[PDB]
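>>> Can you look at this? It's an experimental structure, sequence on top.
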Amino acid sequence: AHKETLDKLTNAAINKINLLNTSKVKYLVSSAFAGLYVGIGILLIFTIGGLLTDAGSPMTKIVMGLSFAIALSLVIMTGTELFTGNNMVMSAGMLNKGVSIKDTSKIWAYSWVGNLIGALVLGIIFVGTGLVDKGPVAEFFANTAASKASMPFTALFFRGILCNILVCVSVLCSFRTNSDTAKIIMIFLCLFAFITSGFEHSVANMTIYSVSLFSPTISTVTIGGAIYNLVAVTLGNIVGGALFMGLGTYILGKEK
Amino acid sequence: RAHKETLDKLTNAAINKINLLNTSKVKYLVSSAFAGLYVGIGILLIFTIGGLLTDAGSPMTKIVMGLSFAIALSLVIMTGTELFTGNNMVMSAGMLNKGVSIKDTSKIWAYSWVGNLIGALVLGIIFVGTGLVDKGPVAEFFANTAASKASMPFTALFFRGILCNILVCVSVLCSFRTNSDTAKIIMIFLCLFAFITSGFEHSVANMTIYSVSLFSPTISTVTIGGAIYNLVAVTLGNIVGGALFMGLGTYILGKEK
Amino acid sequence: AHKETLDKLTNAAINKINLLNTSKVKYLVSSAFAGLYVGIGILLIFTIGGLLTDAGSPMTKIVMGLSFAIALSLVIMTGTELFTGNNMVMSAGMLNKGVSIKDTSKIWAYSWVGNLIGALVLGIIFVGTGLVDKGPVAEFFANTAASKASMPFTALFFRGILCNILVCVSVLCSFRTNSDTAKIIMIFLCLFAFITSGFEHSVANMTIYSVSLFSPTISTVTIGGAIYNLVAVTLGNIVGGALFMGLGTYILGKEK
Amino acid sequence: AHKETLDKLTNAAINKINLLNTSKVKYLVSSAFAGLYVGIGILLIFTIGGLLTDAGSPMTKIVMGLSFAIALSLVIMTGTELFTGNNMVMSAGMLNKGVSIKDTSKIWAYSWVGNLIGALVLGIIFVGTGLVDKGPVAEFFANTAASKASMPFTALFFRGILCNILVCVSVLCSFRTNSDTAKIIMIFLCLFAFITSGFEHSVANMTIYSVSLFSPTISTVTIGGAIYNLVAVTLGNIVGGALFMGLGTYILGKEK
Amino acid sequence: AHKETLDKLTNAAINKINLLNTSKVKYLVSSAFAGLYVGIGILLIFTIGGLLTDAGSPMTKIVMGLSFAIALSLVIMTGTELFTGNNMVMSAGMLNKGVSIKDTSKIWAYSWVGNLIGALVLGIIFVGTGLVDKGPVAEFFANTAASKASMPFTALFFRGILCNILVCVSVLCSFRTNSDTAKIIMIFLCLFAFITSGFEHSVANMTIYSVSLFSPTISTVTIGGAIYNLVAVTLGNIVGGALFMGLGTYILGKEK
Ligand SMILES: CCCCCCCCO[C@@H]1O[C@H](CO)[C@@H](O)[C@H](O)[C@H]1O
Ligand SMILES: CCCCCCCCO[C@@H]1O[C@H](CO)[C@@H](O)[C@H](O)[C@H]1O
Ligand SMILES: CCCCCCCCO[C@@H]1O[C@H](CO)[C@@H](O)[C@H](O)[C@H]1O
Ligand SMILES: [Zn+2]
Ligand SMILES: [Zn+2]
Ligand SMILES: [Zn+2]
Ligand SMILES: [Zn+2]
Ligand SMILES: [Zn+2]
């Protein structure tokens, strides 16, 4: 049912841009929450990364992956604005003559900046719990944040592609089912996949660098490196979202 | 995107609460009691696990603990009973939405809080009578955890409670946005897995923690003035996460003019 | 929604006493099965107890509790007469003016005996499988039946209270959801909670003592010690089922 | 509600026999598929039993049980003819005046033989894969076949009884719910129990022996010993299925 | 309920060829995603194999099977064209007189070549991430591709069969249920069964070899060996898929 799906997608895009043109406050607040949601998932899996790494476990990355489902499940189940997901919706709705190229440009920028705000808000709050004053978890953040800002642009860009392919395909999946359960399971599988395989998610990283740059202990990485990671991964996501999933669902769901 | 339809569902839920309180206090407390005892049953389970595993020196203890805490909020959702931390978002949202007053909110918060506590007290007492926390790893787990929580800076507890309710209320929010019960349970399971393992603080869960520690004859790491210090700051944290975050969010996203 | 549920419970209660006043065969044959169904859960988690204990792992209690779900899941899905569950139904239905004190006591007695007959039959058959001729499993039974029969009264009594709160609250959930899957998930969590936490269920114990008594491989049993545990635990279940859940569901769901 | 189920069963029995009298091809082809489907489950959990026993694991049997769900999940979800299941269905239908005693015997004889053809075909093909040319799995196969063909008749008979009580009770559940998801979860719990507990399924054993015999590695099997196990368990199965489940479902769901 | 299913199947077949006859771009792009989706499943379970292998674990093969569901799940939920699935559909469709032999061979050819386009695309992108420049994963990819290539034709062939009997029987299931969750669960089981059992999947192998050839690590892969495996496995699938499931779902479902 590609036609029915492409239509759903396009409506989604129109609804998004409509919200933005109606209330920037509403759209920013909705995106803020999606960032805090994806971020919560990060906090869970780095807390797991810490516990399991300190204990020298081979299962660390598998378990970290199995436990990330909450990040996207919360976003999908609350109907909040996540930038990575708008990479497919805006483009798919754009090729379908439902939204302009500006519309897409505007939703991407606002959803992005909006997601960042949720991540910064979460960062400060977590930091204030003490839970990263020192120890295995605190360190797991510092090291990870360093690893990522230290990788080749090509490596990130491509990691970013494979990631948003998985994310958007689970979003597409939710558009093609009525089972909120099936929705969640598919999100579970895709995040399990993208997390454990080592792909890069622009928004989830906002929480990673948010907590680092806001933590006292963490001296390891600069703000300039956080921008290099987000930009290289962002571009990667955009490609994997718009140029693969966006264009793909349109091609499969046109009618002449 | 179905925010108006939901903010409505919320604003209605808020009304039914203050309505229930106003027609029968026996009914509102007895409900709040079963909720506290339900959230507490969840603490009995994961603290038993917390004990078996720490005594064995496993690195998976906090992970397995968070995973098993699902029963706490699941019972409360599936029975439709009054939980204080859940009303932080409902009453809050229903208030901003011109459905209930500030007086109603603080009435429901108080009666459900004091109500949940009765649930904990009854549970703890009964749990002690089972003899399961006379001695051993579990007793030691309650004893040690009770002390760690009572001896943390105010700010730490405060923020730990904020992140907790954002998760607890959001799982509730999810339940107002789906007709699948299975979907409801899963999301609760995920949100609880997150807040437990991440090390966040839930006031009504702590009532069973302190209920059991203080009531146990052999567990003295406690201090009632300590349990109060915790329950107050964590509760403050929960209200800020439930009302100022989720409550205010569900409304800002739900209005129309 | 408590009016509908309380009404719903009262109807269940009235059906039970109707079935018993209509056919004692049907009601004992339905109780025997519910006993033998819960008993099956025991045979599983004790076979699991023998293997994990003999090997001495910490997870033993946790795995056992996660595996007991089948016990009450068969009872609910087959729709058969479990004594512990009748503590809430008959209790609430009675308070709601639908059933009489005499009706409650009959349904309580007849399902108890019936459940027991259920376990006796399971025991004999299990004994004949040889699965308990000697080794970890038969040892886990022997060892477990001892401690249960050597615990102070109040301990069992309270343990029985907490058990039937969980067992009945899962039964309650199966009255508040149209999703059969959601039913099974809730039973799962409740049975996981009460098993791993070390609470006492009377019907399940009939199977424990059924095997320990029929198996040649002795025990620190002595029947008299089995009647002591079954009597003290049953009273606990009754209090937890009737006084807590039964009366609780009534108070929340009356109308004036 | 039991006549509404007892009715479903009686209709299921009438349709089974209607199929046999309409196409001995269709009924066999269906039974051979059920047999092969169940065997497929065996191939998985013996591949597991081989991996885990070799490494000396205390979890071996527990993981085996947890993974055997696929066996009956294909037979129920595809609607194919399984002998063990026909014990309760044909039995209950025969007691409810739906089908005759000769009807019950044809269905039983054919489905049984049909299931064997499935196992044989699967057995052959599996051997051709080379996965039993030598090693842990092959050893687990030949080892388990022996132990089974070496146990007293009684043991097998009683194991067969408890095995079918469980396999049939899950088949009953699938008659008592409209949730396909629920149907599966229940099959999962029932097989988990009977596998891990130590009970004997006659059709699953066909594949166990199919492989052991057709397998290039000597044996220690003796085909005359394989028949001993299949007769012992099959009879155990019949009792468990017919006398217990069949008779119980009829008794609980009559109308006078 | 096979008539209705055979009808449903014959319809899928008619739609597939219709799609191909109406737009080669739509069809190939649809097959490109199916291959890439199945490939993502491989990327996941080889990342898992690399980690657990390097840590020397006996559970590795078991954890790989449990984590492969995302492969056929993404495909069934996006409604995309996977060659191994068309072995059954086109077979049953043909025998039921909905499509021709020419129609069949076109669908087979185009999906297979379409799936390969997807493998090659996933390959390039994945290697571009550095996640296989060197290490346990990279070495795992290399090592598995070598084993597969260096295996007798008869072995690969028979494993291709059993693999597709499961891949297809899961597609058959998705045709028989309306529970989307039940569809995923059943796929999860079937992919668990064939991965852990050690069976051979043509399309999954496409990404294995796609990554082993673009990958920097030197090994014993040999292109002539990749074609030898792809061919001998492809065949195996065609047989188990068409000669087994196709013909079976036809025989059980025709009407006279
Ligand atoms: C906290 C306030 C956030 C405001 C974010 C607005 C940033 C807009 O950014 C611009 O928006 C244009 C359309 O308006 C697009 O055409 C441009 O591509 C984009 O850069
Ligand atoms: C047995 C439990 C009794 C609980 C009684 C709680 C009564 C709360 O009463 C409320 O208190 C608020 C302050 O918290 C005030 O702002 C409100 O005006 C007042 O109505
Ligand atoms: C073969 C098994 C037969 C069991 C029949 C049990 C009959 C129980 O009968 C009931 O016993 C109660 C107390 O036990 C009494 O309070 C009731 O008055 C009485 O009807
Ligand atoms: Zn349209
Ligand atoms: Zn309104
Ligand atoms: Zn009424
Ligand atoms: Zn009739
Ligand atoms: Zn037709």
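The structure has been received and is ready for your questions. Numbering: from 1, shown residues only, chains lettered A, B, ... in the order given. Ligands and ions are numbered 1, 2, ... in the order given.
>>> list the contacts for the residue in chain A that ligand 3 sits nearest to?
With Cβ to the nearest ligand atom, the shortest gap between chain A and ligand 3 falls at residue A:181, namely 43.5 Å. In short, each C-beta sits where N, CA and C put it, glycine included. Taking Cβ atoms under 8 Å, 6 or more residues apart in numbering or on different chains as the definition of contact, the neighbours of residue A:181 are B:180, B:182-183, B:186, E:181.
>>> just residue A:236 next, same as before
By Cβ under 8 Å, 6+ apart, the contact list for residue A:236 reads A:156-161, A:163-164, A:200, A:202.
>>> One more: residue A:242?
Shown in contact with residue A:242 (Cβ under 8 Å, 6+ apart): A:87-88, A:90-91.
>>> hmm, 6 Å instead?
If you count contacts by Cβ atoms under 6 Å, 6 or more residues apart in numbering or on different chains, residue A:242 has them with A:87, A:91.
>>> tell me the SS of the residue of the stretch 51-200 of chain A found nearest chain D?
For the stretch 51-200 of chain A and chain D, the shortest gap (Cβ to the nearest Cβ) falls at residue A:181, measuring 8.1 Å. At residue A:181 the chain is in helix, as set by DSSP: H, G, I helix; E, B strand; the rest coil.
>>> In the stretch 51-200 of chain A, which residue sits nearest ligand 2?
For the stretch 51-200 of chain A, the nearest residue to ligand 2 under the criterion Cβ to the nearest ligand atom is residue A:125, separated by 25.3 Å.
>>> residues near that residue, how many?
The criterion is other Cβ atoms under 10 Å in any protein chain shown. On that basis, residue A:125 has 23 neighbouring residues.
>>> Just the element for it, please.
Element membership for residue A:125, per DSSP states H and E: helix A:101-127.
>>> mind listing what's buried in that helix?
For helix A:101-127, a neighbour-count test (16 or more other Cβ atoms under 10 Å in any protein chain shown) marks A:103-104, A:106-108, A:110-112, A:114-123, A:125-127 as buried.
>>> hang on, residue A:83 packs against residue A:110?
No. Using Cβ atoms under 6 Å, residue A:83 makes no contact with residue A:110, being 8.9 Å away.
>>> now check stretch A:202-216, is it near chain B?
No. Counting by Cβ under 6 Å from any Cβ of the partner chain, chain B is not contacted by stretch A:202-216; separation bottoms out at 12.0 Å.
>>> Work out the gap between stretch A:48-55 and the centre of the chain.
Computed by Cα atoms, centre = their mean, to the nearest Å, the separation of stretch A:48-55 from the middle of its chain amounts to 23 Å.
>>> Only alpha carbons, please: show that stretch as CSV.
Backbone C-alpha positions of stretch A:48-55 (Å, rounded to 0.1, in the frame of the first residue of the first chain) are rendered in CSV as follows:
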residue,chain,number,x,y,z
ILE,A,48,24.4,0.9,30.9
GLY,A,49,27.6,1.5,28.9
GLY,A,50,29.2,2.6,32.2
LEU,A,51,28.0,-0.3,34.3
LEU,A,52,28.9,-2.9,31.7
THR,A,53,32.2,-1.4,30.5
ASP,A,54,33.7,-1.0,34.0
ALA,A,55,32.9,-4.7,34.4
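>>> which bits of the stretch 101-250 of chain A sit near ligand 1?
A:102, A:105-106, A:109-110, A:113 (Cβ under 6 Å from any ligand atom).
>>> Grab the two from the residues you listed that are most spread out in space.
For these, the maximum inter-member distance is 16.4 Å, found between A:102 and A:113 (Cβ to Cβ).
>>> quick revisit: relative to chain C, how far out is the closest residue to the residue of the stretch 51-200 of chain A closest to ligand 2 other than its chain neighbours?
Once flanking residues are discounted, residue A:125 sits nearest to residue B:159: 5.5 Å by Cβ to Cβ, 6 or more residues apart in numbering or on different chains. According to Cβ to the nearest Cβ, to the nearest Å, residue B:159 and chain C sit 30 Å apart.
>>> give me every residue that touches the residue most central in space within chain A.
Centre of chain A computed as the mean C-alpha position; nearest residue by Cα atoms, centre = their mean is residue A:203, 4.3 Å away. Taking Cβ under 6 Å, 6+ apart, we find residue A:203 in contact with A:35, A:38, A:83-84, A:115.
>>> ok, 10 Å please
Residues in contact with residue A:203 (Cβ atoms under 10 Å, 6 or more residues apart in numbering or on different chains) are A:31, A:34-35, A:37-39, A:42, A:71, A:75, A:82-85, A:111-112, A:115-116, A:118-119, A:167, A:230, A:233-234, A:237.
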